[PDB]
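Here's the structure we're looking at; comments come further down.
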Amino acid sequence: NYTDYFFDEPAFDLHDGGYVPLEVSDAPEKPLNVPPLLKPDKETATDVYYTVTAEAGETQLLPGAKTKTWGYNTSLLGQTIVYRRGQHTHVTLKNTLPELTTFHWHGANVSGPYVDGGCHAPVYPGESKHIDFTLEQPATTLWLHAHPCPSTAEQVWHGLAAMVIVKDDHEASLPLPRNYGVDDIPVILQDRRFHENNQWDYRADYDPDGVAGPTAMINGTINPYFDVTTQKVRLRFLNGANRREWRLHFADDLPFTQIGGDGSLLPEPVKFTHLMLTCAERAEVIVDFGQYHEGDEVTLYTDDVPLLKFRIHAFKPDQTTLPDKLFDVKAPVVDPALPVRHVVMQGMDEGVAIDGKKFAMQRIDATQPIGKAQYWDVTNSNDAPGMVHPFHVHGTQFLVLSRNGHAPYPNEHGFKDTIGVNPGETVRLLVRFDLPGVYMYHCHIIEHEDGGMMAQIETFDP
Amino acid sequence: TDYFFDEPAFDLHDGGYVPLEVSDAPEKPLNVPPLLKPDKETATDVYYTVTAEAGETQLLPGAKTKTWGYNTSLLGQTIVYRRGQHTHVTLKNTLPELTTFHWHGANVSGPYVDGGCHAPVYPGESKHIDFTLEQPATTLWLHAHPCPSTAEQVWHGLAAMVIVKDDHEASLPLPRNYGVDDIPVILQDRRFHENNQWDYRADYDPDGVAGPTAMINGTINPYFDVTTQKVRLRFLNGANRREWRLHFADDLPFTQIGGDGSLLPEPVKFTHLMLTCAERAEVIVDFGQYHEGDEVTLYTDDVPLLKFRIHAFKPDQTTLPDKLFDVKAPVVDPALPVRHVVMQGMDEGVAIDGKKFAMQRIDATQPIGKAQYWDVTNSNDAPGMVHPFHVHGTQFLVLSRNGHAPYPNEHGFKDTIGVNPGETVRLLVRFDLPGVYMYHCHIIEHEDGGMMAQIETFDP
Ligand SMILES: [Ag+]
Ligand SMILES: [Ag+]
Ligand SMILES: [Cu+2]
Ligand SMILES: [Cu+2]
Ligand SMILES: [Cu+2]
Ligand SMILES: [Cu+2]
Ligand SMILES: [Cu+2]
Ligand SMILES: [Cu+2]
Ligand SMILES: [Cu+2]
């Protein structure tokens with residue numbers, strides 16, 4: 001009788017003092033919302049042009065009154081944005097909100113601070129900005145969300161997040177579900193607390209160690225079910241919550257195989273029955289429903305709470321099988337002239353800090369040359385009252401070398417931008433920035449990021 | 001119209017104007033904020049702790065209203081500063097959000113002491129500032145200044161009066177007994193929601209937020225017990241947008257003695273006085289013609305704000321002198337261009353010189369100790385608002401309005417001027433200290449919407 005998850009059972013959120021259990025909503029079960037693929041304004045093989053518009057509106061979530069929500073090219077979350085490697089991407093960023101926002105491309109190898117779209121890329125109500133870039137990184141699932149400093153939390157809670165899919169030649173060649181909306185779906189995992197008139201009140205539910213409500217919400221849907229019409233289904237899991245951790249497993253321990261992480265395909269497929277994700281992490285998995293019959297419903301659960309029902313229909317057999325090797329991880333060579341960087345995440349509540357300091361806009365906390373790989377030792381110092389801190393770094397994809405001198409977890413051998421650090425643990429990352437800019441590095445529990453557990457590094461060309 | 005401003009441009013002609021309505025709530029004594037007791041005070045030094053905190057205040061019957069304040073649940077204890085005295089303040093933030101501590105109208109360095117956009121104080125942390133004011137006696141105030149949102153934080157209730165004492169003002173025949181005959185009159189409005197709670201974002205409007213319930217020193221339907229013949233009222237417009245058009249029953253006269261940055265050169269009689277956001281005006285009222293039990297109401301437009309209950313009082317036979325203060329105007333540096341500042345737009349198109357505020361961008365420079373002319377224009381006409389233009393880290397003089405005389409109460413030092421639609425005012429502006437100072441419209445929703453720039457001052 002042990003935990004089924006890789007992380008440290010005592011550190012789990014369910015052990016927190018102000019832990020909010022998930023509760024099942026009485027709302028009607030309804031089809032999972034699959035956000036439309038965002039149609040480009042114009043597209044050639046060399047160039048793509050998109051308009052992305054932050055906007056306030058209303059969404060039917062619970063029965064009765066509609067919930068006031070924000071979203072991208074929609075009233076909640078966003079239309080899914082497809083980018084291609086090597087394709088000159090051109091984006092118009094339009095803000096029609098009553099408040100100034102930011103357009104952060106979490107996981108995008110792009111310049112900073114302006115394209116990156118973090119704390120220093122404000123966009124006022126009414127005005128537009130124009131960005132352009134060519135991603136040179138592997139196929140993966142990234143995402144877009146707001147990133148004012150503060151409050152990233154409030155804006156994400158309002159509903160500013162959208163899945164971003166990055167396509168490439170290698171990933172296209174592999175035998176994988178790719179029919180978006182049919183056998184390949186977003187699974188954006190969030191929670192909310194609904195107040196009177198089914199409205200949200202971030203500030204009423206504020207907690208300095210993380211905001212979480214009882215009602216799970218997947219792709220802006222309550223009590224979702226999904227209609228399976230293929231044997232294999234591809235799930236792109238994104239933890240878009242402000243603090244909650246998802247411990248994912250089917251009711252009957254139905255196996256699934258993870259094929260992707262944050263920043264790339266995994267080098268090899270990894271079989272799971274139980275998958276934990278901290279804030280901002282992604283995991284792409286293939287589920288096989290071949291043992292089931294028409295009419296059966298297999299339910300996906302987080303801990304002991306049902307999240308997502310899969311209604312099984314008729315499907316043609318799928319004989320295909322995954323290769324031993326999905327992707328070639330080309331590790332950089334550490335620059336020997338560089339020392340080891342030590343980053344200590346510390347404190348809790350309003351005490352949060354990185355290397356003894358709260359985030360300041362005008363202060364540069366670190367530098368690193370472009371093109372030069374470096375070992376980062378990252379430490380979560382919190383003691384017994386412990387929390388798994390998802391450490392994130394803008395403008396790169398790192399490799400995970402060790403966890404307390406031991407091997408990294410079996411699903412951490414590919415490229416990642418976010419790694420959960422257990423209380424007391426030091427992890428070692430191999431980090432390289434390709435481009436010049438100012439990039440944030442922070443805990444992706446968003447309430448702590450708004451509270452000062454954020455710092456910034458400047459990359460430069462020698 | 002009895003007021004100096006342009007009647008067509010008044011707020012009550014605005015598109016989504018919100019008229020004040022009188023609350024059904026019972027009459028009660030005007031809250032007079034206590035004077036903040038120093039930690040330690042000598043003749044050369046003073047040491048304060050200012051704590052921004054969150055709590056609950058009984059404002060209407062039923063549930064309490066969740067508010068913010070400095071060293072209290074709502075607004076703040078009145079802070080006293082002396083010219084030439086080394087002041088030592090400790091800023092403590094116990095709010096669940098980050099904030100700022102701006103000393104509106106204080107000649108202090110920027111950008112840290114100024115406490116503008118660049119001076120964040122996180123939850124749980126403390127900062128330490130020290131300074132010495134070399135400016136005349138007047139009424140300043142303290143309030144939150146994150147960029148953004150100043151408007152949200154001021155709404156929550158973060159404002160407090162600040163009194164600057166000096167030797168000249170002490171020597172004058174003025175009511176000076178705080179809370180007895182020398183009172184704050186902090187003029188605000190609010191909209192009360194279910195369970196008497198405020199909700200800024202529900203009430204939001206890009207052209208300014210106004211609610212229908214007047215609130216004076218965090219009091220609803222206040223009355224004040226007059227126990228002297230003369231009473232000094234320190235008017236402060238702490239509203240987000242609303243203009244106050246002040247007058248008494250019977251058209252009882254009052255005398256303005258001071259404005260934002262100084263006593264007026266001479267006293268100015270009024271029956272009707274108008275104030276835009278962030279303006280302060282100090283007036284003496286005389287109730288010598290009234291008797292035991294008489295009530296005199298102070299109105300904005302047709303709406304009662306404050307009831308003065310006259311009691312028996314000793315006759316006060318003192319008259320004010322012809323001259324209150326000497327205004328020593330700096331001379332323009334002749335080698336220096338006229339600075340043209342244009343406030344444009346309304347709603348989401350608010351801008352200054354065609355640009356929205358960028359926290360990394362310096363829009364202007366000026367040498368310390370050299371007075372320059374500032375021509376400030378308000379472009380919007382037809383749908384027009386009186387824009388109260390404000391400059392950090394200085395006290396300017398008003399030279400002209402559209403090439404004509406300034407208003408009768410603009411011959412003193414000021415930090416905030418109401419500019420009518422289409423109007424160019426000329427200011428004479430000098431900066432004593434080096435720093436980075438914001439200048440902006442003080443209709444706060446425009447401030448937050450980007451009608452703001454920043455100037456940098458340097459030693460030549
Ligand atoms: Ag904790
Ligand atoms: Ag208007
Ligand atoms: Cu992110
Ligand atoms: Cu990011
Ligand atoms: Cu970030
Ligand atoms: Cu101010
Ligand atoms: Cu100011
Ligand atoms: Cu304005
Ligand atoms: Cu200001």
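In the structure tokens, chains take the letters A, B, ... in the order shown, each chain's residues start at 1, and ligands count up from 1 in the order shown.
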
Could you produce a table of the residues of chain B lying within 8 Å of chain A, with the nearest pair of atoms per residue and their separation in Å rounded to one decimal, using only C-alpha atoms, ordered by chain and increasing residue number, as CSV?
residue,atom,partner,partner_atom,distance
B:96,CA,A:208,CA,7.4
B:122,CA,A:451,CA,7.0
B:123,CA,A:350,CA,5.6
B:124,CA,A:350,CA,5.7
B:206,CA,A:98,CA,7.3
B:348,CA,A:126,CA,5.8
B:349,CA,A:126,CA,7.2
B:449,CA,A:124,CA,7.1
B:450,CA,A:124,CA,7.7

Residues of the last selection are to be written out with C-alpha atoms, as an mmCIF file, in the first residue's frame.
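Saved file selection20.cif follows:
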data_model
loop_
_atom_site.group_PDB
_atom_site.id
_atom_site.type_symbol
_atom_site.label_atom_id
_atom_site.label_comp_id
_atom_site.auth_asym_id
_atom_site.auth_seq_id
_atom_site.Cartn_x
_atom_site.Cartn_y
_atom_site.Cartn_z
ATOM 1 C CA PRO B 96 -3.561 40.610 0.397
ATOM 2 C CA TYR B 122 4.355 43.461 -1.156
ATOM 3 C CA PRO B 123 2.069 41.770 1.417
ATOM 4 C CA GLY B 124 3.908 41.218 4.710
ATOM 5 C CA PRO B 206 -13.339 53.652 -18.544
ATOM 6 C CA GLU B 348 -10.036 53.810 -23.975
ATOM 7 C CA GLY B 349 -8.312 56.393 -26.216
ATOM 8 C CA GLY B 449 -6.177 53.713 -18.641
ATOM 9 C CA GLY B 450 -2.834 55.320 -19.607
#

As a quick test: using only C-alpha atoms and all ligand atoms, which residues lie no more than 7 Å away from ligand 4? Give them as a PDB file with N, CA and C atoms, in the first residue's frame.
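Output saved as out38.pdb:
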ATOM      1  N   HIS A 104       1.345  35.985 -23.045  1.00  0.00           N
ATOM      2  CA  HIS A 104       2.517  35.149 -22.802  1.00  0.00           C
ATOM      3  C   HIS A 104       2.346  33.802 -23.501  1.00  0.00           C
ATOM      4  N   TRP A 105       3.357  33.429 -24.302  1.00  0.00           N
ATOM      5  CA  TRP A 105       3.390  32.163 -25.015  1.00  0.00           C
ATOM      6  C   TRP A 105       4.233  31.176 -24.218  1.00  0.00           C
ATOM      7  N   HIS A 106       3.609  30.604 -23.189  1.00  0.00           N
ATOM      8  CA  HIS A 106       4.303  29.715 -22.237  1.00  0.00           C
ATOM      9  C   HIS A 106       4.897  28.535 -22.986  1.00  0.00           C
ATOM     10  N   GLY A 107       6.229  28.447 -23.012  1.00  0.00           N
ATOM     11  CA  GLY A 107       6.960  27.353 -23.633  1.00  0.00           C
ATOM     12  C   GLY A 107       7.519  27.699 -25.020  1.00  0.00           C
ATOM     13  N   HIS A 392       9.250  27.107 -13.227  1.00  0.00           N
ATOM     14  CA  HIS A 392       9.131  27.431 -14.645  1.00  0.00           C
ATOM     15  C   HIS A 392      10.183  28.472 -15.033  1.00  0.00           C
ATOM     16  N   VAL A 393      10.637  28.406 -16.289  1.00  0.00           N
ATOM     17  CA  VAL A 393      11.589  29.356 -16.842  1.00  0.00           C
ATOM     18  C   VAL A 393      11.123  29.727 -18.245  1.00  0.00           C
ATOM     19  N   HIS A 394      10.952  31.036 -18.491  1.00  0.00           N
ATOM     20  CA  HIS A 394      10.571  31.543 -19.801  1.00  0.00           C
ATOM     21  C   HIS A 394      11.705  31.346 -20.813  1.00  0.00           C
TER      22      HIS A 394
END

Selection within 7 Å of ligand 8 by only C-alpha atoms and all ligand atoms, output as a ChimeraX atom specification: /B:387-388,441-443,446,451

Pull N, CA and C atoms from the residues just selected and write them as a PDB file, in the first residue's frame.
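To be explicit, this is the file written out as result_19.pdb:
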ATOM      1  N   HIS B 387     -10.556  67.955 -17.014  1.00  0.00           N
ATOM      2  CA  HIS B 387      -9.483  67.050 -16.641  1.00  0.00           C
ATOM      3  C   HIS B 387      -8.616  67.715 -15.578  1.00  0.00           C
ATOM      4  N   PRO B 388      -8.587  67.195 -14.327  1.00  0.00           N
ATOM      5  CA  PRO B 388      -7.669  67.700 -13.303  1.00  0.00           C
ATOM      6  C   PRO B 388      -6.243  67.183 -13.500  1.00  0.00           C
ATOM      7  N   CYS B 441      -3.645  62.958 -15.560  1.00  0.00           N
ATOM      8  CA  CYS B 441      -5.004  63.290 -15.185  1.00  0.00           C
ATOM      9  C   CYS B 441      -5.360  62.572 -13.888  1.00  0.00           C
ATOM     10  N   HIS B 442      -6.126  63.225 -13.009  1.00  0.00           N
ATOM     11  CA  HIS B 442      -6.426  62.633 -11.715  1.00  0.00           C
ATOM     12  C   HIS B 442      -7.875  62.139 -11.665  1.00  0.00           C
ATOM     13  N   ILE B 443      -8.539  62.050 -12.826  1.00  0.00           N
ATOM     14  CA  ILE B 443      -9.674  61.147 -12.944  1.00  0.00           C
ATOM     15  C   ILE B 443      -9.078  59.746 -13.082  1.00  0.00           C
ATOM     16  N   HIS B 446      -8.785  57.210 -15.930  1.00  0.00           N
ATOM     17  CA  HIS B 446      -7.955  57.627 -17.091  1.00  0.00           C
ATOM     18  C   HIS B 446      -6.491  57.411 -16.722  1.00  0.00           C
ATOM     19  N   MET B 451      -3.566  57.661 -19.348  1.00  0.00           N
ATOM     20  CA  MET B 451      -3.441  59.109 -19.478  1.00  0.00           C
ATOM     21  C   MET B 451      -2.418  59.593 -18.453  1.00  0.00           C
TER      22      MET B 451
END

Give me the residues within 9 Å of residue A:143 as a ChimeraX atom specification, counting only C-alpha atoms and dropping any in the same chain fewer than 3 places off. /A:80-81,104-108,161-165,238,280

So that I can check the surroundings of residue B:204, please list as an NGL selection string every protein, DNA and RNA residue that reaches within 12 Å of it, counting only C-alpha atoms and ignoring chain neighbours fewer than 2 positions away. (:A and (97-99)) or (:B and (16 or 149 or 151-152 or 155 or 190-191 or 198-202 or 206-211 or 240-241 or 347 or 444-446 or 448-449))

Report the residues of stretch 145-377 of chain B whose backbone DSSP state falls under strand (DSSP E or B), written as a PyMOL selection string. chain B and resi 159-165+178+182-190+213-216+222-226+230-237+244-248+254-258+263-270+273-275+280-286+295-300+303-310+332+339-344+351-352+355+364-367+371-377

DSSP alpha helix (DSSP H) residues within stretch 77-317 of chain B, listed as an NGL selection string: :B and (150-156 or 167-170)

So, with only C-alpha atoms and all ligand atoms as the atoms that count, which of B:438, B:368, B:382, B:249 lies closest to ligand 7?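 The closest residue to ligand 7 is B:438.
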
Residues at most 10 Å from ligand 5, using only C-alpha atoms and all ligand atoms? Could they come as a compact mmCIF listing (two decimals) with C-alpha atoms, in the first residue's frame?
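This is the output file result14.txt:
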# COMPACT_ATOMS: atom_id res chain seq x y z
CA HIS A 104 2.52 35.15 -22.80
CA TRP A 105 3.39 32.16 -25.02
CA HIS A 106 4.30 29.71 -22.24
CA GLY A 107 6.96 27.35 -23.63
CA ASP A 116 7.76 36.44 -25.01
CA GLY A 117 4.89 38.58 -23.70
CA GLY A 118 5.61 38.51 -19.94
CA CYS A 119 5.55 41.28 -17.33
CA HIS A 145 -2.22 32.86 -21.07
CA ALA A 146 -2.15 36.36 -19.59
CA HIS A 147 0.94 37.42 -17.65
CA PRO A 148 0.67 40.88 -16.01
CA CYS A 149 2.73 41.16 -12.82
CA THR A 152 -1.56 36.71 -13.64
CA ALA A 280 1.56 24.47 -16.08
CA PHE A 391 9.47 25.71 -11.22
CA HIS A 392 9.13 27.43 -14.64
CA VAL A 393 11.59 29.36 -16.84
CA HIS A 394 10.57 31.54 -19.80
CA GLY A 395 12.22 31.35 -23.23
CA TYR A 439 13.09 35.97 -19.22
CA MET A 440 11.23 35.37 -15.95
CA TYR A 441 11.92 32.27 -13.83
CA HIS A 442 9.31 31.46 -11.13
CA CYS A 443 7.01 29.09 -9.18
CA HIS A 444 3.97 28.41 -11.40
CA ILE A 446 0.23 31.55 -9.64
CA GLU A 449 4.20 34.23 -8.65
CA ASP A 450 2.03 37.29 -8.02
CA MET A 454 9.57 35.36 -9.38
CA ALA A 455 12.96 36.56 -10.63
CA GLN A 456 14.46 37.49 -13.98

Can you work out which residues are within 7 Å of ligand 1, considering only C-alpha atoms and all ligand atoms, and then hand them over as a list in words? residues 16, 209, 348, 349, 385, 386 and 387 of chain A

Keeping C-alpha atoms, export the residues of the selection given above as a tab-separated table (two decimals), in the first residue's frame.
chain	number	residue	atom	x	y	z
A	16	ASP	CA	-2.58	21.42	2.93
A	209	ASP	CA	-0.75	29.87	-1.02
A	348	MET	CA	5.17	30.37	2.06
A	349	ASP	CA	2.10	32.65	2.12
A	385	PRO	CA	4.44	22.21	5.87
A	386	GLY	CA	5.53	21.43	2.31
A	387	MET	CA	4.15	22.11	-1.19

Which residue is closest to residue B:419? Choose from B:216, B:455, B:170, B:386 and count only C-alpha atoms.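 Among the listed residues, B:386 lies closest to residue B:419.
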
Residues contacting ligand 6 - anything with an atom at most 7 Å away, using only C-alpha atoms and all ligand atoms - can you give me those as a PyMOL selection string? chain B and resi 104+143+278+442

How would the residues just picked look written out with N, CA, C and O atoms as a compact mmCIF listing (two decimals), in the first residue's frame?
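After the write, result_32.txt holds the following:
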# COMPACT_ATOMS: atom_id res chain seq x y z
N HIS B 104 0.83 62.56 -2.19
CA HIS B 104 0.33 63.54 -3.15
C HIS B 104 0.60 64.95 -2.63
O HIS B 104 0.02 65.36 -1.62
N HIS B 143 -2.22 58.20 -0.57
CA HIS B 143 -3.04 57.18 -1.19
C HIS B 143 -2.20 56.20 -2.02
O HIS B 143 -1.07 56.51 -2.40
N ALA B 278 -8.69 65.51 -6.57
CA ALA B 278 -7.38 65.70 -5.95
C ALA B 278 -7.15 67.14 -5.51
O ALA B 278 -6.17 67.41 -4.82
N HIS B 442 -6.13 63.23 -13.01
CA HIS B 442 -6.43 62.63 -11.72
C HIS B 442 -7.88 62.14 -11.67
O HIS B 442 -8.38 61.79 -10.60

Excluding same-chain residues fewer than 4 positions from stretch 115-119 of chain B, what lies within 6 Å of it counting only C-alpha atoms, as a PDB file with C-alpha atoms, in the first residue's frame?
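So the final result, stored in result06.pdb, reads:
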ATOM      1  CA  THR B 100       2.131  51.837  -2.884  1.00  0.00           C
ATOM      2  CA  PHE B 101       2.364  54.826  -0.539  1.00  0.00           C
ATOM      3  CA  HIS B 102       2.179  58.086  -2.530  1.00  0.00           C
ATOM      4  CA  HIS B 145      -0.494  54.445  -6.493  1.00  0.00           C
ATOM      5  CA  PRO B 146       0.119  51.058  -8.228  1.00  0.00           C
ATOM      6  CA  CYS B 147       0.045  51.426 -12.010  1.00  0.00           C
TER       7      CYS B 147
END

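Atom CA of residue B:371 is found 6.3 Å from atom CA of residue B:428.
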
Check which residues of chain B sit at most 6 Å from ligand 2 using only C-alpha atoms and all ligand atoms, and return one row each with the closest pair of atoms and their distance in Å to one decimal, ordered by chain and rising number, as a tab-separated table.
residue	atom	partner	partner_atom_place_in_ligand_line	distance
B:14	CA	ligand 2	1 (Ag)	5.5
B:207	CA	ligand 2	1 (Ag)	5.6
B:383	CA	ligand 2	1 (Ag)	5.8
B:384	CA	ligand 2	1 (Ag)	5.9
B:385	CA	ligand 2	1 (Ag)	5.6

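Reported to one decimal place, the separation of atom CA of residue A:315 from atom CA of residue A:230 is 4.9 Å.
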
With only C-alpha atoms and all ligand atoms counted, collect every polymer residue having an atom within 7 Å of ligand 7; state the result as a ChimeraX atom specification. /B:102-105,390-392

Can you tell me which residues surround residue A:410 at a distance of at most 10 Å, considering only C-alpha atoms, apart from same-chain residues fewer than 6 positions away, and format the answer as a list in words?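 These residues fall inside the cut-off: residues 6, 266, 268, 269, 270 and 271 of chain A.
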